[PDB]
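I would like the atomic coordinates for the input below:
(4 chains, ligands or ions: 4)
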Amino acid sequence: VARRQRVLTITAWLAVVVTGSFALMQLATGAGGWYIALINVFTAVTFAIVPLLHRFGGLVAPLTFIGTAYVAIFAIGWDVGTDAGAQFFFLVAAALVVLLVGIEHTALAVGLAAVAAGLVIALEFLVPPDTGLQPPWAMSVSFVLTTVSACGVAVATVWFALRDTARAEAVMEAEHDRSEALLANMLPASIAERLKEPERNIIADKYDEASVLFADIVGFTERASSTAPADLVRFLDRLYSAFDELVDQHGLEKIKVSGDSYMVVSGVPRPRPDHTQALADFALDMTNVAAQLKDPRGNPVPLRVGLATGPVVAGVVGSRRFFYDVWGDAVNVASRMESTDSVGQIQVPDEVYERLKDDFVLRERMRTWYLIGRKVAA
Amino acid sequence: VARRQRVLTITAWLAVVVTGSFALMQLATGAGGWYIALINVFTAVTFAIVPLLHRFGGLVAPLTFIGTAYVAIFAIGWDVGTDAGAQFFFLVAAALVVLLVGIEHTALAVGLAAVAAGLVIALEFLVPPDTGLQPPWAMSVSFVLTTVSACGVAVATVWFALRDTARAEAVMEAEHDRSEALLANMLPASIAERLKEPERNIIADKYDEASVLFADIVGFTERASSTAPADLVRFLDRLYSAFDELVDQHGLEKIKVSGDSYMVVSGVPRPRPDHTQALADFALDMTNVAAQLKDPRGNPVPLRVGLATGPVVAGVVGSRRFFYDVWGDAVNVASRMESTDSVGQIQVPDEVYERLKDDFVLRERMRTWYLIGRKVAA
Amino acid sequence: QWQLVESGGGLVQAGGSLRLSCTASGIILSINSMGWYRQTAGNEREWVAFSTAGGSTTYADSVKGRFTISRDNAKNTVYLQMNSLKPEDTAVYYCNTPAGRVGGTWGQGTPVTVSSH
Amino acid sequence: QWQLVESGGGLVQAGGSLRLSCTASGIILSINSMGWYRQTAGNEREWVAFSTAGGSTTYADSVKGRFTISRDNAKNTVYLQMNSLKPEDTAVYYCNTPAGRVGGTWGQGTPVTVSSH
Ligand SMILES: CNc1ccccc1C(=O)O[C@H]1[C@@H](O)[C@H](n2cnc3c(=O)[nH]c(N)nc32)O[C@@H]1COP(=O)(O)OP(=O)(O)OP(=O)(O)O
Ligand SMILES: CNc1ccccc1C(=O)O[C@H]1[C@@H](O)[C@H](n2cnc3c(=O)[nH]c(N)nc32)O[C@@H]1COP(=O)(O)OP(=O)(O)OP(=O)(O)O
Ligand SMILES: [Mn+2]
Ligand SMILES: [Mn+2]
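Numbers count the residues shown, from 1 in each chain, chains lettered A, B, ... in the order given. Ligands and ions are numbered 1, 2, ... in the order given. This is the structure:
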């Protein structure tokens, strides 16, 4: 109903300004006569009333305002000479009415404009030119005031309408931008466009190589037994916020966070030649950060970390509550490794050992090989 | 840059219409003289050129168009009499300029309007009234045409601007509505408002009673071994789409879908006295639907289902990739039950048996009790 | 013969009211849910009403507040009150359980037309 | 003494260029990542640049393309090229590893001011 409010606001301000203009003419007039005063009171009263009675119903009220305007202006113009300036107000109103009324009634609006023109061609001819009522000099001053008012009313009304439109646009843009930012945060941009489209197609993307890292907490239930649930959720939020900052800061992507488990995937949105090395470095940094952090109990929080690599499948699933997901054998491998990993250690299979030995240190203990750290030498 | 395009479009159409109007006056004129023709050619050429040269740079071009308009109209008005109608075009332009120029320059615009008014008060006085150049009757026809054109130009330009604004608003609204619909789909409305706010606060909600249902597939790895991954993802999507339809159709909420696992939660967003009964009925319907459906291999897909109840904690966690989540002891209970459930059966603990015996049938086999189905009698 | 037969459809004007009936043979309604779907042509058949075993009811957003689903257990029937009908509701209405819904086994439905004549 | 000292800050005009230096004693830079954060006052300190062990680099959206992070392993230093400076970048810039970042143990930072004088 914003458009209706815009129309109503502009018409109300228009009525106020026109009444303000008319009052000055009435006060300035001297020795003009009472016959004109009787019409002037009627016109001013109706103009002031119509904004207060705007809620009777329908589009008939704004049209009645214009009917009153036309009748009053024609009546005043007929008696006085043509040089007063009744012609100019018609021209202002012709452009003003189209803006005042909505698009749905443009045809009607056009007719109104034509009507105004139909009067103007008559006004020069039919009306007695240069009819002199009492002082003429006041008539010339009236012409000057008519010109100034005709300009000012249109300027003010148009500017007010444009201001209202700009305000509405700004609010619209801010409201939309917040939601767009949230959506961009909580899914990758490329798949968001696919999701938005009305047409529904199953999203499946095949990726030749990728690497997955799984991290989990040890003895979380024992910690839960001695702590209030609300504080426990807060602790989890703090831990995952720190991990999320580190992940964003390395550039890797995190698919989801299920309870204690933390899942990271490398290279799915864009393949890279050195995904595994980056994942290993990130895992080392994550272990250090987790070791440093402290829980409410004060005991250190150990983390079991398992890494895997291989081809994967990506895409959403279901018809409700979508999220990016990933699939493949590497996920099964990583889950098994993480499950069998020792406390405070990172474990990887033989295949990953084939890749990471060159630039990283893997030692001790399908057969696996613990990931101790990076080579000191450079 | 939409506002700039709107301004440029309206000014271009304005130039086209004014040139079209001027051409008719030039063609109609007969025995008017060549001195006026020399000025007329200049005016028409400049008016036609300015839209083609609109891209020189800055706001100086639209102002130059108005400078040319004012100079040409003043020059033509001075020679001919006042009754021709040069005054009316100034009044149209006074209202038109404010719309033409943007808000940033409103002050300048106002000055321009004043300038026009400054000419009008002069035009009546300084210009020689009723100067007769060749036929006067053509002059009267010129007055009529001036009135009609002055009305029509303003009507058309204002309507065009309003049309452009409405089109922009409609496109804006559709684009925003699609994203809003997606966001509403993928999270509850109440928490979405909290997420949108710039201020960050940990969301923790305590719920006295709730019920959780976990469903899982059996031998999914064996099925995966003999099927292509892409087809397997499609099968999962089909299954979860059917389950999602059933869930929505019962009214319960589903938090997430992790691989084979399907999680349903009852009563968290709004508590109800009969959450457990609804969950049990939904579980029975889900088992029937799963039994009916067929996989690519053609073997039936069995599902293990475990139900639990108790207090829970709800809210998002982390600083990235949010989703509603739930927590509590009931989740641990449900996970254990589902893990130990037999193929094609639903299992519940003694506590749930205390509630569901009255309206449901639980039989056979902490101690648990299989959930066979609902009572036939009513 | 597990079958469901619908009835009660016909011609009405915008704003009228109808009562569609669904009677099923071969099952027990007390222990089975029920759902009313509608098919126009511009989409495949969408669920507008649903009643569970236990009394819980749900409706689609486009139709909430105007349509009401109820059961009659002795007759083995489900009834759909339709009120404040609109041209968008002109369709063929069907009745089923979820199992039949996903299995594709339905009856012939019942036609409902909203127009002036 | 595990410490990091920053240097190179000062006064410049909008559009100028700076090179902030971060030298650390107590660790080996080849095996540790590094990150440049900035603090204005309207927020707590935000990360603008990050360099990993291996050469990968990342920057914040508000600052991508203008700031460049590099390493000098022999000197045990990290350098931040700053170009096309704007008034929004006036802050105190700090340098750390993630462990120190989450542990709260920092140095004194280096001031950078963008204005005309
Ligand atoms: C009193 N329990 C809690 C109170 C507040 C917040 C969380 C819990 C809680 O019990 O969290 C556990 C699950 O609910 C919670 N959880 C598990 N699956 C889910 C899940 O699917 N959804 C939600 N919302 N939470 C889950 O993980 C947490 C650990 O369970 P795991 O199965 O991962 O094993 P573990 O105890 O860490 O030992 P181990 O694996 O090292 O041997
Ligand atoms: C060749 N493997 C696949 C190819 C395409 C799509 C999925 C798979 C697949 O292996 O899915 C498995 C996990 O990746 C996949 N999965 C498990 N956790 C995750 C997870 O955290 N994220 C993703 N994206 N997928 C997961 O679940 C599926 C089953 O593993 P479970 O641990 O649930 O046990 P189960 O095999 O069902 O037997 P049982 O539990 O009845 O004893
Ligand atoms: Mn876990
Ligand atoms: Mn599973």
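
tally of neighbours for the residue of chain C found nearest chain A?
At 11.1 Å from chain A, residue C:43 is the closest residue in chain C, using Cβ to the nearest Cβ. No exception for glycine: its C-beta is placed from N, CA and C like everyone else's. By other Cβ atoms under 10 Å in any protein chain shown, 8 other residues sit near residue C:43.

Shouldn't it be within a helix?
No. Residue C:43 is assigned coil when assessed by DSSP: H, G, I helix; E, B strand; the rest coil, not a helix.

which residues does the residue nearest the centre of chain C bridge with?
By Cα atoms, centre = their mean, chain C has its centre lying nearest to residue C:36, at 3.1 Å. Judged by DSSP bridges, the bridge partners of residue C:36 are residue C:49, residue C:95.

list the contacts for it?
C:20, C:22, C:47-50, C:67, C:69, C:78, C:80, C:93-95 (Cβ atoms under 8 Å, 6 or more residues apart in numbering or on different chains).

For the stretch 151-300 of chain A, which segments count as helices?
A:189-196, A:220-225, A:229-250, A:275-292 (DSSP state H, counting those that start in this stretch).

centre of the chain versus the longest one, how much separation?
Taking Cα atoms, centre = their mean, to the nearest Å, the mean C-alpha location of helix A:229-250 is offset from the chain mean by 29 Å.

That helix near chain D anywhere?
Yes. Helix A:229-250 is in contact with chain D by Cβ under 8 Å from any Cβ of the partner chain, via A:242, A:245, A:246, A:249, A:250.

rewinding a little: and the contacts of residue C:36, which is closest to chain B?
If you rank those by distance to chain B using Cβ to the nearest Cβ, residue C:50 comes first, at 4.8 Å.

Now do the same contact list for that closest one.
Contact analysis of residue C:50 by Cβ under 8 Å, 6+ apart lists B:249, B:250, C:33, C:34, C:35, C:36, C:57, C:58, C:59, C:69.

Okay, the fourth one and residue B:361: tell me how far apart.
According to Cβ to Cβ, to the nearest Å, residue C:34 stands 21 Å off from residue B:361.

Looking at these two, which one has more neighbours?
residue C:34 (22 against 14).

May I have the phi/psi pair for residue C:34?
Main-chain torsions, residue C:34, degrees, to the nearest 10: phi -150, psi 150.

Apart from its chain neighbours, what residue comes closest to it?
What sits nearest to residue C:34 in space, not counting adjacent residues and going by Cβ to Cβ, 6 or more residues apart in numbering or on different chains, is residue C:78, at 4.6 Å.

Please list all residues in contact with the residue lying farthest from the centre of chain A.
When distances are taken from the C-alpha mean of chain A, residue A:134 lies farthest, 61.6 Å away, according to Cα atoms, centre = their mean. Shown in contact with residue A:134 (Cβ under 8 Å, 6+ apart): A:31, A:32, A:33.

Tell me the strands beside whichever strand or helix holds the residue nearest to residue C:34, with direction?
Following DSSP states H and E, one finds residue C:78 within strand C:77-83. Using DSSP bridges, the strands paired with strand C:77-83 are strand C:17-25 (antiparallel), strand C:67-72 (antiparallel).

mind putting those strands in JSON lines, distance to residue D:117 and mean neighbour count included?
Shown next, in JSON lines, are those (distance: least, Cβ to Cβ, whole Å; neighbours: other Cβ atoms under 10 Å in any protein chain shown):
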{"stretch": "strand C:17-25", "distance to residue D:117": "81", "mean neighbour count": "18"}
{"stretch": "strand C:67-72", "distance to residue D:117": "74", "mean neighbour count": "17"}
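
sorry, back to before: of the residues of helix A:229-250 next to chain D, which qualify as buried by neighbour count?
A:242, A:245, A:246, A:249, A:250 (16 or more other Cβ atoms under 10 Å in any protein chain shown).

ok, the second one touching residue B:319?
Yes. Applying Cβ atoms under 8 Å as the test, residue A:245 and residue B:319 come out as touching, 7.0 Å apart.

For residue 48, which residues are in contact?
Using chain A here. Contacts for residue A:48 were tallied using Cβ under 8 Å, 6+ apart; they are A:15, A:19.

Sorry, I should have been clearer: chain C.
Going by Cβ under 8 Å, 6+ apart, residue C:48 touches C:36, C:37, C:38, C:59, C:60, C:62, C:63, C:67.

Just the closest of those to residue A:203, please.
Lowest distance from residue A:203 to the contacts of residue C:48 (Cβ to Cβ) belongs to residue C:60, with 26.1 Å.

what's the neighbour count on that closest one?
By other Cβ under 10 Å, 17 other residues sit near residue C:60.

now the residue nearest in space to the middle of chain A: how far from residue B:368?
By Cα atoms, centre = their mean, chain A has its centre lying nearest to residue A:176, at 1.7 Å. Using Cβ to Cβ, we find residue A:176 at a distance of 51 Å from residue B:368.

do the same with residue A:155
82 Å.

who has more neighbours, those two?
Comparing residue A:155 with residue B:368 by other Cβ under 10 Å, the one with more neighbours is residue A:155, at 22 against 19.

wait, what's in contact with the more buried one?
Residue A:155 makes contacts with B:94, B:95, B:98, B:109, B:110, B:113, as judged by Cβ under 8 Å, 6+ apart.

Quick check: the farthest pair among these?
Largest separation among the contacts of residue A:155 by Cβ to Cβ: B:95 and B:110, giving 12.0 Å.

Count the neighbours of the residue of the stretch 151-300 of chain A found nearest ligand 3 for me.
Of all residues in the stretch 151-300 of chain A, residue A:260 sits closest to ligand 3, at 3.9 Å by Cβ to the ion. Residues near residue A:260, counting by other Cβ under 10 Å, number 15.

Pretty sure it sits against residue A:220.
Yes. Using Cβ under 8 Å, residue A:260 makes contact with residue A:220 at a distance of 5.0 Å.

for residue 5, helix, strand, or coil?
Went with chain A since none was named. The local conformation at residue A:5, judged by three-state DSSP, is helix.

that's the other chain; I wanted chain C
Per three-state DSSP, the local secondary structure of residue C:5 is strand.

That one and residue C:72: what is the separation?
Residue C:5 sits 15 Å away from residue C:72, going by Cβ to Cβ.
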